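Peer 1: this one's experimental. Sequence and coordinates below.
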Amino acid sequence: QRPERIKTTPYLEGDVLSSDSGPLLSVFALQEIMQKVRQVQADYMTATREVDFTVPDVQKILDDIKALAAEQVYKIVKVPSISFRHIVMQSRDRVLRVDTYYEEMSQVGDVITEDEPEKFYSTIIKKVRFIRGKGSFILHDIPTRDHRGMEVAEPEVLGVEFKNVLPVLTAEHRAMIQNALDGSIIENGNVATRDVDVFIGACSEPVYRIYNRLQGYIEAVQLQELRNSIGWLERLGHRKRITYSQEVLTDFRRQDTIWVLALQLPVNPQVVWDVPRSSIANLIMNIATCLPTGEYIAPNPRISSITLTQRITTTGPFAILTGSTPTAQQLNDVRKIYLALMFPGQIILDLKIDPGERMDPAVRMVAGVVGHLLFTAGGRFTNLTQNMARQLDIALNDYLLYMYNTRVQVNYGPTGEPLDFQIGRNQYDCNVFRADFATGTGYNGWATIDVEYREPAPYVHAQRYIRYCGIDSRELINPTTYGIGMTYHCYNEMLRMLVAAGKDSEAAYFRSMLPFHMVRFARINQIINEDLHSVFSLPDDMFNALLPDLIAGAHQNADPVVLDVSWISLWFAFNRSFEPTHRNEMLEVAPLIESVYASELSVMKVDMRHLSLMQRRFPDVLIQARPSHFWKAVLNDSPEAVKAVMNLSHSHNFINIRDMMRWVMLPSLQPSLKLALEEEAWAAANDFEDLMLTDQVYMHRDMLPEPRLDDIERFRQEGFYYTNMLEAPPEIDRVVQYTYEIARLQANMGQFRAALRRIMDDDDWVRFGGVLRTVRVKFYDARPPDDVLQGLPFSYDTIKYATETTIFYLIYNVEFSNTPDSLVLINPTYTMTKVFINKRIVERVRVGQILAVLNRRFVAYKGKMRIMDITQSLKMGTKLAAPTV
Amino acid sequence: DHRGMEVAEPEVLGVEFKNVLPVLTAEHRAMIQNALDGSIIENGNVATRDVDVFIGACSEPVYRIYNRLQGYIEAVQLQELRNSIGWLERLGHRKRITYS
């Protein structure tokens, strides 16, 4: 089906040794990363905080991330919720109308205190989430009826409840209310073949804001964005060379369907790579979601030995090594070697030292020979540290200087550095094989170009093409040279140096084994340039800057993971090739996962950015705050799958204040429906008055009124009531301004009570500003208890400044038996506290204006329509009919 | 934490005045509280690593020993590990020993 796996000669056919896949290798890498630090901390004495290093189930986390995409942020209801109610007095033509939104809003979060900033942040987040959840809804299949040839909405869909006020009315007011009810006709309702119903109802302003924004977003995002997303998926599949079926997607849209779309494919990769200390997590995710499934193939057994007669056979130089089998640890080290090879700069190999083994000394020398032509230490990226390179150079020197045949002449140089000599009759110089990271003189990438740029990529962050030892992937299909002509510079120099050293049989063996080596790196290049291209790959800037930081020893934010291997593992990995067989199971699903992850991260970031200014806005309320407090507050109300992805390497125990403060400032966002709704709700929540907590609290000595009851029915009709609600605050003059510090200092000196009493006797006003307080609302028909009649804004426990305050509405009731002087007392009663709110909550309104809140325009889809979520169809394998630009 | 900046708790300071607070009057208690709130810790950089620095109380010989130990640690962190590892590498090259 694909021409690069067609084998025409038995040279490339060998027995299967083992197999590996992405889900196994990711868990293996994480386990070997964590076990190393566990062993190091166990062996030596360490002084650090107690943290447990465990390994999670990556497959379950990926499944949870995928399942997160099926959730919906909106609701479909027949009627809107009630937003207005009424309270009926003894009056016959006046009622008290109350807006229910503020009353439900006042009881959402915990009471604000002066010593728990985390609870304050949690309360703010919960209030914003409640506003967003209530705001977003879509109307569908509203009930209507017929009246005089017009379509009239039922009273049920209207957001006003007025059933309890009907009996107390009179004939004229009932007729007026009935006429007002009958007048709310459905606009353009007399025509057929419609799609929406337009009418007039009542709703609160903050909910109306999110409703309008949601309707606008539903109208805006349409087939064009879906076409763009499918086109981007088509380009990505074209790069990945995924096969396509003969089924295509058209742009036909049924007359009874309305699409929604909450995600987009062109994900800004920066949002992924701005997360602090996320290199390990991104690498693990990339291995988990992109690595294919393949098996290891050994070379053909006939390359080493051939038979001329039954008792005459050619013998190879490494017959002892090739007649050996690995153990489990050596197999693990071979897997580590291949894992380091398939990721250039993010994984770096080292050496493992332990005295628990007895190995033949020739194994180390052969490994030192193999490592020079197996690994890369060039001038653009490296696969190993400097120490391993030095050890390999020393091993190569030991192999060269040890002779089991007749000795050849050698001339030593002035310095005592390894490989500093000339060997052989023709005086071949061995100084070029010593490691030099500036040019990569002794390893692969000696005189070859291994990183190039060909075409713009679907992912803008990664544009590089890797070519190990100069092999292009097209050489397996359309070669440009014969079998003899396949070579490159470093390997040829290795062969010539081996010949000059008097070792001819080893040179012949390597010359025979070269094409298998070349084909193996061709397959590795194809794998790294075809399937591993994803968001979680390293950007070009960090990839370029990795090597100079390692050379200079400077601090870097993308420190590679370093693993160790054994000597025989180099030979074992040299005698294998990785040949993929199946593609990854989740290859065509990953971009949706990345989009969901980016959208959740963007929502979290905007929440942090909006909460970061609270200390600057209100200094006295958040004295003991840190960024970590609202960090925990934001993390406590997020999906757990995103947190699991973000904390693969147990990073959250190590971020300090500066790192998270840096991350919040970074301007990168991924737009989505959830982000738009959250931003709109946050914009509606900038005014703290809508959140029902304020600092306009006053104290002024006032008298509970004693009206003259000279005409009982007149007093009943006028609708007398009392409240501590201030319709307008007093002037800036004749008021005094108190502060938390001033009040605390005066209270600690035993002077607060006297000062307040002296102010009160002067008939002035005092403001306890600077501190937000939770406000509640209560209604009373009799005299309220002294807990609220003579309450105070502060409590004695030193004083507590942030104490909740209750606005109370007292309703007067009189009988015919009351004398005109039946409410007067010799000693007056006093009430202290008052609260001013610029909004309008409870109003005394005449019965003729009950239905005067009908000033909102509502559009509702009909009963024949359907609303579907199409975000699950955004898969890589889908191909559209008419291509886009 | 106070007013957006970090302070040191009374325990980490090298004084003991827990048993004198009960008998203090209001002005003296307020003054002591303000003075305690006035102990701001700063951040510093030694051996390309960040540390906290603050003000405390100690006796002269103990402070001298502690200062010498701190200076020795600071000098070690930027020269001695590198010098020792280089010497290990040279000795292992000479005597044919591999050091981990």
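Peer 2: Now that the structure is in, tell me what you want to look at. Numbers count the residues shown, from 1 in each chain, chains lettered A, B, ... in the order given.

Peer 1: please count neighbours and contacts with C-alpha atoms only from this point.
Peer 2: OK.

Peer 1: count of neighbours near residue A:390?
Peer 2: 16 (other Cα atoms under 10 Å in any protein chain shown).

Peer 1: ok, and for the helix or strand harbouring it, which residues are buried?
Peer 2: Per DSSP states H and E, residue A:390 falls inside helix A:386-401. For helix A:386-401, the neighbour count (16 or more other Cα atoms under 10 Å in any protein chain shown) marks A:386, A:388-401 as buried.

Peer 1: for the residue of the stretch 351-500 of chain A found nearest chain B, give me its contacts.
Peer 2: Going by Cα to the nearest Cα, chain B is nearest to residue A:353 of the stretch 351-500 of chain A, at 5.8 Å. Contacts here follow Cα atoms under 8 Å, 6 or more residues apart in numbering or on different chains; on that basis residue A:353 touches A:566, B:98, B:99, B:100.

Peer 1: who are the packing partners of the one helix or strand residue A:139 maps to?
Peer 2: When elements are assigned from DSSP H and E, residue A:139 belongs to strand A:138-139. For strand A:138-139, the elements it packs on are strand A:76-77, strand A:856-861, judged by 3 or more Cα pairs under 8 Å, 6 or more residues apart in numbering or on different chains; DSSP states H and E.

Peer 1: and chain A, which residues reach chain B?
Peer 2: Proximity of chain A to chain B (Cα under 8 Å from any Cα of the partner chain) is limited to residues A:351, A:352, A:353, A:619, A:623, A:624, A:625, A:626, A:748, A:749.

Peer 1: so which of these belong to helices?
Peer 2: Among the residues of chain A next to chain B, the members found in helices (DSSP state H) are residue A:748.

Peer 1: from the residues of chain A next to chain B, list just the buried residues.
Peer 2: A:351, A:623, A:624, A:625, A:626, A:748.

Peer 1: of those, which belong to strands?
Peer 2: Judged by DSSP state E, these include residue A:351 as members of strands.

Peer 1: unless I misread the structure, residue A:258 falls within a strand.
Peer 2: Yes. Residue A:258: assigned to a strand according to DSSP: H, G, I helix; E, B strand; the rest coil.

Peer 1: can you say which helix or strand has residue A:294 in it?
Peer 2: Going by DSSP H and E, residue A:294 is part of strand A:293-297.

Peer 1: packing partners for that strand?
Peer 2: Using 3+ Cα pairs under 8 Å, 6+ apart, strand A:293-297 sits against strand A:16-20, strand A:577-582.

Peer 1: of these, which stretch is the most buried?
Peer 2: Across the helices and strands packed on strand A:293-297, the average number of neighbours (mean count of other Cα atoms under 10 Å in any protein chain shown) peaks for strand A:577-582, which reaches a mean of 17.

Peer 1: how far off centre is whatever helix or strand comes next after it?
Peer 2: Next helix or strand after strand A:577-582 toward the C-terminus (DSSP H and E): helix A:590-611. The chain centroid and the centroid of helix A:590-611 are separated by 4 Å under Cα atoms, centre = their mean, to the nearest Å.

Peer 1: quick one on the thing from earlier: show me what secondary structure element comes after the helix holding residue A:390.
Peer 2: On the C-terminal side of helix A:386-401, the nearest following helix or strand under DSSP H and E is strand A:410-412.

Peer 1: next one: that next one to chain centre, how far?
Peer 2: Counting by Cα atoms, centre = their mean, strand A:410-412 comes out at 62 Å from the chain centroid.

Peer 1: how about the strands in the stretch 351-500 of chain A?
Peer 2: A:410-412, A:421-423, A:428-429, A:451-452, A:465-466 (DSSP state E, counting those that start in this stretch).

Peer 1: for residue A:511, helix, strand, or coil?
Peer 2: Secondary structure of residue A:511, per three-state DSSP, is helix.

Peer 1: mind listing what the spatially closest residue to it that is not a sequence neighbour touches?
Peer 2: Counting by Cα to Cα, 6 or more residues apart in numbering or on different chains, residue A:495 is the residue found nearest to residue A:511 once chain neighbours are left out, at 7.8 Å. Taking Cα under 8 Å, 6+ apart, we find residue A:495 in contact with A:507, A:510, A:511.
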